[PDB]
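Heads up: the structure comes next, in structure tokens.
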Amino acid sequence: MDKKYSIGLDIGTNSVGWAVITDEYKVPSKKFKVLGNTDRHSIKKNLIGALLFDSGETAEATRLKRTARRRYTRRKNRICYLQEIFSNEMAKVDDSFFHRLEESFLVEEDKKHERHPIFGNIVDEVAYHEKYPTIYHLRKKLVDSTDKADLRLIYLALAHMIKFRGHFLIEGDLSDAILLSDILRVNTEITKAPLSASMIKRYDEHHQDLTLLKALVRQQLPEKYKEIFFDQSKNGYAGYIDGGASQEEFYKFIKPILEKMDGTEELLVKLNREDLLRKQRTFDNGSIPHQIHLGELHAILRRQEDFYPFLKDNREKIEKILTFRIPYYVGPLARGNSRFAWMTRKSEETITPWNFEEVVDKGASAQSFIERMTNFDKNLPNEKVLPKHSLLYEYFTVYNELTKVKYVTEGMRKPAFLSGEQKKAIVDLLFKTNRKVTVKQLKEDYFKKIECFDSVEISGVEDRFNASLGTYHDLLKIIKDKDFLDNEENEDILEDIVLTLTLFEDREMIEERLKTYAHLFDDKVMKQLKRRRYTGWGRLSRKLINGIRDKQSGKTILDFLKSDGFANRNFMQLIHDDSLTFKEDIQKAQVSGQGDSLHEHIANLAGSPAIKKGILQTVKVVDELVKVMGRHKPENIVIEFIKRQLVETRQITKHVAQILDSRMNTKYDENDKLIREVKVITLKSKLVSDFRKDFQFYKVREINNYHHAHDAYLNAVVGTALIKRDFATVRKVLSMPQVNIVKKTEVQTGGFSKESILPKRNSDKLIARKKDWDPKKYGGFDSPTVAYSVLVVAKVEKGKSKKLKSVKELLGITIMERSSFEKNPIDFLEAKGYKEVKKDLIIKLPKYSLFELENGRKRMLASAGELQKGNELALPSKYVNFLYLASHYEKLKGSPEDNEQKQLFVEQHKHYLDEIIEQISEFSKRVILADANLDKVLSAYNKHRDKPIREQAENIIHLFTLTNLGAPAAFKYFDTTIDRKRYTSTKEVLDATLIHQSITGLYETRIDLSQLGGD
DNA sequence: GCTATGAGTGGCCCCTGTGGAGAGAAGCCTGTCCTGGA
DNA sequence: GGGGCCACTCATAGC
RNA sequence: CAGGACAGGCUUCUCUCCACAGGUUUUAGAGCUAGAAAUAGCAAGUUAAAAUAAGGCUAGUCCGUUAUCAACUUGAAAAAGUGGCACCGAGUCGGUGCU
């Protein structure tokens, strides 16, 4: 028999509940065949469970990293351009200078030339470091002096300016003096480069203050001198300079010291101003306009161009390189092979900063940038939507609000529809002359004045007309020619002008396109038009409203709004009327596009990708549940911190509804109407919560993971209750211990390792940053991420004698080696010293792979060297009820009688606490093996045994954190903190039972490792 | 008897900050309304 | 919040 | 009754592109004096280069952390196919009968 069965669902952010029940609230149980090589051939399981998986991630970080990579690449390209310009003369002075610049990061053993980067000899380097202690001194020297300097110093200064050219927030060239004063604290020192003067002044103040502080400290507190000037570990000056301490840390540490001594008034004031001992490369410099650097560059080039012809002949190139920037409406410069590129090319030469404007069509680039993201019209998927400020759109809005305005005058039996002449007269008299029009204004100015209807009753509008001809008023203010605005032949020209003013944002390109239409207006109008900008887009297309014409009458939807006779069909009525070809045109335009895959259709929805993942997982769960029951289709499907999580929980319902309804019923009747064999019911959680609260089925999110399954089961029960012993059946179902809980196996992806680059050490677990940079000499990354684990059976030459030893262990692959591993596993396994590879025994072990051990103890393979708790705790319902009522003993919100009775029930069964502790201890002994922590918990229990009941319950709820699924977590019990017990040994599972589970946990194949790899 | 290697227990660490431009989606209220059920 | 790493201590095989 | 559409305000979030300021790492910036060395005293400390996921071929001023992923058979892959039912009981499921 096709037993009537229903599928209930509870959809969360990371969990998917599923349940199958009969017509009488019972969950059938089946005997399932079990594959593998073990003895257990058949296992009986209930048709109830739940699924858990990791939260989905937004694509923000990948985009950020991509933008950063592009920043780095473009900066290096600019440096390469500068070296390309300079290299010709460099060979005549010192040909190996650029080699030394590139090869500085290596040790002296790996340097191909002398170790000194700048001059190549120690005397000149010392002289340079003495004469110019900081680069700002060299910059000021080149700006102010008239001396012929060595080209190397010029290159150094120019490269330093180019690599750190500063921001672009300010437009044009350079109350403003106050902004400069905030940027530039220099007062009167007469030079063209104030920034260098400010930095030098800060350096001098730092030097003098350091000398004074050394003097005073050595005078009065000799003992603290060592801490301040030698100890790198503390937040003192040594830490501020040679350590990692920040400025605020240094000020906070130095504040009490200066308070203890005299003569520190000015130093304390400077500390209050954050001006004491301040570096040159700080987080303050973000506010520097790039025009200062441009001016310094220009001054240096102007002063030095009289000695070096190539500097003079290439000054424009250098200024461009400093000032060149790719417009934000162009995008990446790729030849089609990049999925983010939309640039259109005039030719195929290499793009350089000196010829960018000739190769890339900026206008077409902006058009493609704007168009590729705009919505398409739903009714006509082949057309773009008009701008919201378009004239036809405003006319459509005004008339559509006016279309259903019904007017009643004295002597008229029924409300009448406005005539096209009336519509046009009203619009011309009020809307084209007033920005906002109310009902009283209409009554006074059209009915009373024009048609002499002194009293009129107007229905359909209460207060006013929200539509407005704002664009009309703006164009009348600019053009000041009503005849030009009212011309029908200029409607195309006006629409083109509006579209041009809406698409682009640059003044130059807007002028460029509108230059073809300057023949109609003066220069003042063109400039006034130039400054006008509009944003936003509509929801309808031009072709729908005024482009497609009814072949019988030739009218458009615009004409139907203006003049259709007594019918006065509005926008909703015009599309649904069968007398017009427009609805036939709509159905024809419903392109039978290639059926989006369920993945694609889910990916096409609105929300974070995590909710889409949840949708796909729920659909696959439903599909497998249907497959299990003999492919007989079901009757009914009943479906249901940080804010976005619950937002997505409420957002799931509708989409799950239409996707399930679409896939389920695919058969149409003889009239092409869909025969709906499946009923989709959406219910909000409040009804289920009320059902829970009325019948004492409390929900505790801290005990275990059966709450999802119970929520789904109650969802199905309550949903089927309205469309169609019972409480006894529910109570029997809820206390069932065997529930299918499944953890989804995953292959980890992401960054190769952590980002903190650590100093050099003598260890084998450091990762090089390049191909030829041994970490023992240069340090590197740490903590690589495990991709997945493979079981290997082979022989290893061990010991100093290199003796072959047959082995069986786990070797986890890092994400950096996944491609290398799957390219040729034999070569990779030979690389790590394993020989006589047993290819047939390679087993894929992703994260959360499950192993079964004796006494039912289970472990999930968290990584190549760590395990997680896999066994689940099952508690009787009475203990759950007692614990919940105890935890909210004083938080009960209800009638006094029931609250007092529940509190009395809590009072009576205090002996439950010992039973709860004993059962927790037994479960921990049997599956957790946490003897020391268990003893600590037991000792703490007896210690606080006189505490009030509610506090006892609150502390007990914390205990289940030790027994929950996943990685062990620390928890607090009264005043005691319990450390986390971590399993760092994976050897015990090499001879255990390996289990593969279906996505619902019913189909499974068991593999025993004790037989694999045997001699 | 000496040294080296695994094996358990406790402890410390994990890149940050902003500007400019656009497009879209969702939810909450008022007006105007439709499509299905019943 | 959760997995890699290190310092210290300690049992044991090789020798 | 549920869902849906167009306008007028309120809020929150998502997707794409263009820039800037840091931080980290190694090296360079002759430490001295006394002492055989361990070590003790003195002195100085603000800056610079390179890299910032290993790299790849389609060689671009491009791409590299989004999503998808139980097992077996066909398939390069996408993709497709592959596993009995009923009845009684319940500590991670057990028992009874049929096929």
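Each chain in the structure tokens gets a letter, A, B, ..., in the order shown, and its residues are numbered from 1; ligands are numbered from 1 in order too.
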Taking only C-alpha atoms (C1' of nucleotides) into account, which residues of chain A are within 9 Å of chain B, as JSON, numbers by chain? {"A": [167, 169, 286, 328, 329, 369, 370, 373, 374, 375, 400, 401, 404, 460, 461, 462, 463, 466, 572, 573, 606, 607, 651, 754, 755, 756, 985]}
Export N, CA and C atoms of the chosen residues as a CSV table (one decimal), in the first residue's frame?
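In the end it all went to result_9.csv:
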chain,number,residue,atom,x,y,z
A,167,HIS,N,47.0,60.2,-1.6
A,167,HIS,CA,45.6,60.0,-1.9
A,167,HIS,C,45.1,60.9,-3.0
A,169,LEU,N,41.7,62.2,-3.0
A,169,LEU,CA,40.3,62.6,-2.6
A,169,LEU,C,40.0,64.0,-3.0
A,286,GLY,N,47.9,59.7,6.4
A,286,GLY,CA,46.9,59.4,5.4
A,286,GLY,C,46.1,60.6,4.8
A,328,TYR,N,37.3,54.6,-12.7
A,328,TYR,CA,36.6,53.6,-12.0
A,328,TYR,C,35.5,53.0,-12.9
A,329,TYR,N,35.1,53.6,-14.0
A,329,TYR,CA,34.1,53.1,-14.9
A,329,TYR,C,34.7,52.3,-16.1
A,369,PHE,N,29.6,49.5,-18.5
A,369,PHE,CA,29.6,49.5,-17.1
A,369,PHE,C,28.2,49.7,-16.5
A,370,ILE,N,27.5,50.7,-17.0
A,370,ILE,CA,26.2,51.0,-16.5
A,370,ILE,C,25.2,49.9,-16.9
A,373,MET,N,24.6,45.9,-15.4
A,373,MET,CA,24.1,45.6,-14.1
A,373,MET,C,22.6,45.9,-13.9
A,374,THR,N,22.0,46.7,-14.8
A,374,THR,CA,20.7,47.1,-14.7
A,374,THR,C,19.7,45.9,-14.9
A,375,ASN,N,18.5,46.0,-14.3
A,375,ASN,CA,17.5,45.0,-14.4
A,375,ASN,C,16.9,45.0,-15.8
A,400,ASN,N,-1.5,57.2,-14.7
A,400,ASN,CA,-1.9,56.0,-14.0
A,400,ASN,C,-2.5,56.3,-12.7
A,401,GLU,N,-2.0,57.3,-12.0
A,401,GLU,CA,-2.7,57.8,-10.8
A,401,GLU,C,-4.0,58.5,-11.1
A,404,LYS,N,-7.5,56.1,-12.5
A,404,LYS,CA,-8.5,55.6,-11.5
A,404,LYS,C,-9.0,56.7,-10.6
A,460,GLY,N,-11.0,58.3,-5.2
A,460,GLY,CA,-9.7,57.6,-5.6
A,460,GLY,C,-8.5,58.2,-5.1
A,461,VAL,N,-8.5,59.5,-4.7
A,461,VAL,CA,-7.4,60.2,-4.1
A,461,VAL,C,-7.9,60.8,-2.8
A,462,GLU,N,-7.1,60.6,-1.7
A,462,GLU,CA,-7.5,61.2,-0.4
A,462,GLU,C,-6.8,62.5,-0.2
A,463,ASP,N,-5.5,62.6,-0.3
A,463,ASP,CA,-4.8,63.8,0.1
A,463,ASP,C,-4.2,64.6,-1.1
A,466,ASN,N,1.1,61.9,-5.5
A,466,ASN,CA,2.5,61.8,-5.1
A,466,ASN,C,3.4,61.9,-6.3
A,572,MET,N,-2.8,47.9,-15.0
A,572,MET,CA,-3.2,46.5,-14.7
A,572,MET,C,-4.2,46.0,-15.7
A,573,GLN,N,-5.2,46.8,-16.0
A,573,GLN,CA,-6.3,46.3,-16.9
A,573,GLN,C,-5.8,46.2,-18.4
A,606,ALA,N,17.5,35.9,-3.7
A,606,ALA,CA,18.0,37.1,-3.0
A,606,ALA,C,18.4,36.7,-1.6
A,607,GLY,N,19.6,36.9,-1.2
A,607,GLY,CA,20.1,36.6,0.1
A,607,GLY,C,21.6,36.2,0.1
A,651,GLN,N,13.4,34.4,5.7
A,651,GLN,CA,13.5,34.6,4.2
A,651,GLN,C,13.4,33.2,3.5
A,754,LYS,N,48.2,30.7,8.2
A,754,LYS,CA,48.0,32.0,8.8
A,754,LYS,C,48.9,33.0,8.2
A,755,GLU,N,48.5,34.3,8.5
A,755,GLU,CA,49.1,35.4,7.8
A,755,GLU,C,50.3,36.1,8.6
A,756,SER,N,50.4,35.8,9.8
A,756,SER,CA,51.5,36.3,10.6
A,756,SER,C,52.8,35.7,10.3
A,985,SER,N,45.9,12.3,19.9
A,985,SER,CA,46.3,11.0,19.4
A,985,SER,C,45.3,10.4,18.5
Give me, as a ChimeraX atom specification, the residues of chain A touching chain D, with the criterion being at most 6 Å (counting only C-alpha atoms (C1' of nucleotides)). /A:59,62,101,105,134,167,279,283,286,328,331,334,466,738,750-751,757,778,996-998
Could you turn the residues from that selection into a file that holds C-alpha atoms, as a PDB file, in the first residue's frame?
ATOM      1  CA  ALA A  59      32.490  36.727  -0.947  1.00  0.00           C
ATOM      2  CA  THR A  62      37.996  37.360  -1.781  1.00  0.00           C
ATOM      3  CA  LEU A 101      68.375  47.009  -5.396  1.00  0.00           C
ATOM      4  CA  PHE A 105      66.658  40.872   0.763  1.00  0.00           C
ATOM      5  CA  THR A 134      66.354  60.473   6.975  1.00  0.00           C
ATOM      6  CA  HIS A 167      45.579  59.959  -1.924  1.00  0.00           C
ATOM      7  CA  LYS A 279      58.066  58.914  14.342  1.00  0.00           C
ATOM      8  CA  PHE A 283      49.302  56.492  10.778  1.00  0.00           C
ATOM      9  CA  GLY A 286      46.851  59.375   5.412  1.00  0.00           C
ATOM     10  CA  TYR A 328      36.572  53.567 -12.016  1.00  0.00           C
ATOM     11  CA  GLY A 331      37.650  48.212 -15.131  1.00  0.00           C
ATOM     12  CA  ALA A 334      42.109  42.213 -19.988  1.00  0.00           C
ATOM     13  CA  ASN A 466       2.474  61.777  -5.121  1.00  0.00           C
ATOM     14  CA  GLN A 738      17.735   6.315  18.215  1.00  0.00           C
ATOM     15  CA  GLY A 750      40.764  28.942   1.845  1.00  0.00           C
ATOM     16  CA  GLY A 751      44.140  30.418   2.705  1.00  0.00           C
ATOM     17  CA  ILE A 757      54.994  35.960   9.232  1.00  0.00           C
ATOM     18  CA  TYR A 778      64.390  33.926   6.418  1.00  0.00           C
ATOM     19  CA  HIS A 996      30.384   6.193   5.241  1.00  0.00           C
ATOM     20  CA  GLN A 997      26.895   7.677   5.619  1.00  0.00           C
ATOM     21  CA  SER A 998      24.291   8.943   3.174  1.00  0.00           C
TER      22      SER A 998
END
Return the neighbours of chain A among the residues of chain C, cut-off 9 Å, counting only C-alpha atoms (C1' of nucleotides), as a VMD selection string. chain C and resid 2 to 5
To one decimal place in Å, what is the distance between atom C1' of residue 37 of chain B and atom CA of residue 718 of chain A?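 These two atoms are separated by 21.4 Å.
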Mind pulling up the distance from atom CA of residue 580 of chain A to atom CA of residue 553 of chain A?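 For atom CA of residue 553 of chain A relative to atom CA of residue 580 of chain A, the distance reads 9.2 Å.
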Determine the nearest neighbour of residue 316 of chain A from the options A:146, A:6, A:933, A:298, counting only C-alpha atoms.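 Of the candidates, the smallest distance to residue 316 of chain A is held by A:298.
Using only C-alpha atoms (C1' of nucleotides), the nearest neighbour of residue 13 of chain C within the list B:11, B:1, B:35, B:6 is B:6.
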Fewer than 4 positions away in the same chain doesn't count, so skip those; otherwise give me all residues within 7 Å of segment 468-479 of chain A, counting only C-alpha atoms (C1' of nucleotides), as number ranges by chain. A: 389, 394, 431-432, 435-436, 525, 528-529
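The strand (DSSP E) portion of segment 343-490 of chain A consists of residues 406, 407, 408, 409, 456, 457, 458 and 459 of chain A, with states taken from DSSP on the backbone.
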Would you save the residues of that selection, restricted to C-alpha atoms, as a short mmCIF file (atom, residue, chain, number, x, y, z; two decimals), in the first residue's frame?
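And here's part_20.cif as it stands now:
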data_model
loop_
_atom_site.label_atom_id
_atom_site.label_comp_id
_atom_site.auth_asym_id
_atom_site.auth_seq_id
_atom_site.Cartn_x
_atom_site.Cartn_y
_atom_site.Cartn_z
CA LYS A 406 -13.35 59.13 -10.55
CA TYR A 407 -15.21 62.43 -10.48
CA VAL A 408 -18.78 63.16 -9.38
CA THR A 409 -20.57 66.43 -10.14
CA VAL A 456 -17.28 68.23 -7.64
CA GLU A 457 -16.84 65.01 -5.66
CA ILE A 458 -13.54 63.26 -6.40
CA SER A 459 -12.93 59.62 -5.48
#
Alpha helix (DSSP H) residues, from DSSP on the backbone, in segment 506-716 of chain A, as a PyMOL selection string: chain A and resi 507-514+523-531+542+557-562+571-576+581-589+598-603+609-628+643-664+685-694+707-716
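Put simply, atom CA of residue 189 of chain A is 26.8 Å away from atom CA of residue 268 of chain A.
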Given the choices A:585, A:150, A:836, A:746, which gets closest to residue 380 of chain A if the distance is worked out from only C-alpha atoms? A:585
